[PDB]
Amino acid sequence: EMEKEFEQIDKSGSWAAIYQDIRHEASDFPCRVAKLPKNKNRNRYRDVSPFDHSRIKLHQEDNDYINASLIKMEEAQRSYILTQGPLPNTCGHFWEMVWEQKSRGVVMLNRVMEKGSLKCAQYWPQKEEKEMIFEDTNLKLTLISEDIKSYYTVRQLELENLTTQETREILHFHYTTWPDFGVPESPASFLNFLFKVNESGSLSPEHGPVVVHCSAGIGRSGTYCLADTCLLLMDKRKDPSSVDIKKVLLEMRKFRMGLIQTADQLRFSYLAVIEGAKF
Ligand SMILES: O=C(O)C(=O)Nc1sc2c(c1C(=O)O)CCNC2
Ligand SMILES: [Cl-]
Ligand SMILES: [Cl-]
Ligand SMILES: [Cl-]
Ligand SMILES: [Cl-]
């Protein structure tokens, strides 16, 4: 039933037109805090900002700002923190947000360098013996182990609040073959990765929201979250065929701008939802 619409859009070739409709209809809320002069160096892209109403606030006293938004999908009963790839000066902020929000999983959908440009700082340690200290936010981060698969990596990190010596296990779910402004190589590989995240226990109701990021926290991250939310809704509605992926995406865009950055990412989200609804 959802693939009938999909086949019609494909036959008509109207993915670009459907996508531009969504861009035209999407919410426009203020981002005054993100645009304050004092926050210029905390934003990776001048055209990608969190709305004031949904931005994550840091709890230490001098500047509360991070480029991160809480997406609260009330009907699907899931919230996500979508954020940009941290900058070299915001890695301490990133881990402070992870600590304060009680998240236990971080989903990374990009590589640190893509097409020869830096897209995200090296915000976690690559070597067990070379831990990272974030002196500004009083946190230490140690690589405990990595489970490296052919197209993604799952890392066990230990995040320690150096003030209290409390430690927490953070799982890092790193999708390494998703090109910027592009799509996964198959719905099956995307779905197997999504299922690994969802079965990991990182998304339990006793924990804070999962953190999802790409370079900007909108294109790949929006594609991931739209598919995950729509699959939750289909497993949750009495009538699963009533799930309208365009309506869901517009709902998500009330909480962060620009979610899904190409018409092919929109097409892929439909495809992943169709394939996953079967499995
Ligand atoms: O990383 C993503 O999937 C993503 O949305 N990236 C985005 S969105 C976006 C940019 C990028 C980028 O990576 O260059 C450049 C500035 N315009 C908006
Ligand atoms: Cl200012
Ligand atoms: Cl700060
Ligand atoms: Cl990388
Ligand atoms: Cl957009």
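Residue 213 in PDB author numbering sits at position 212 of the sequence shown, and the numbers go up by one each step.
Virtual Cβ for every residue (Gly too), placed ideally from N, Cα, C.
Is the CB-CB distance between residue i and residue j below 8 Å?
i    : j    : result
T84  : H208 : no
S104 : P210 : yes
Excluding the 5 residues preceding and the 5 following residue i in the sequence, name in chain order all residues of the same chain whose CB lies nearer than 7 Å to its CB.
i    : result
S201 : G106, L172
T177 : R112, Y152, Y153, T154
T224 : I261, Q266, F269, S270
Would you report the Cα separation of residue i and residue j, rounded to the nearest angstrom?
i    : j    : result
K5   : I275 : 10 Å
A228 : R169 : 29 Å
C92  : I67  : 10 Å
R45  : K239 : 42 Å
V49  : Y124 : 20 Å
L251 : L260 : 9 Å
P38  : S216 : 22 Å
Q61  : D245 : 40 Å
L204 : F135 : 25 Å
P188 : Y81  : 21 Å
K58  : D65  : 5 Å
Using a Cβ-Cβ cut-off of 6 Å (strictly less than) and excluding sequence neighbours within five positions of residue i, which residues of its own chain qualify?
i    : result
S242 : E2
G220 : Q262
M133 : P126, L142
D148 : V155
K120 : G86, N111, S216
Looking only at its own chain, which residues have a Cβ that is under 8 Å from the Cβ of residue i, when we skip the five neighbours before and after it?
i    : result
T164 : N139
Tell me whether residue i, by its Cβ, gets closer than 7 Å to a heavy atom of ligand 7.
i    : result
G220 : No copy of ligand 7 appears in this structure; the ligands present are ligand 1, ligand 2, ligand 3, ligand 4 and ligand 5.
Assess contact between the stretch 110-117 and the stretch 255-272, defined as three or more Cβ pairs (one per stretch) separated by less than 8 Å. Is contact present? no
Taking only runs that begin and end inside the stretch 47-92, name each unbroken beta strand (DSSP E) of 3 or more residues, in chain order. Qualifying beta strand (DSSP E) stretches, in chain order: 56-58, 66-74, 79-84.
Segment contact, 8 Å Cβ cut-off, at least three pairs: the stretch 220-234 with the stretch 44-59: no
Ranges of the alpha helix (DSSP H) found wholly within the stretch 100-174, counting only runs of at least 4: none
Is the stretch 95-102 close to the stretch 128-145, with three or more CB pairs under 8 Å? yes
Report the start-end ranges of each alpha helix (DSSP H) in the stretch 183-265 that is 4 residues or longer and not cut off at the edges. 188-200, 220-235, 246-253
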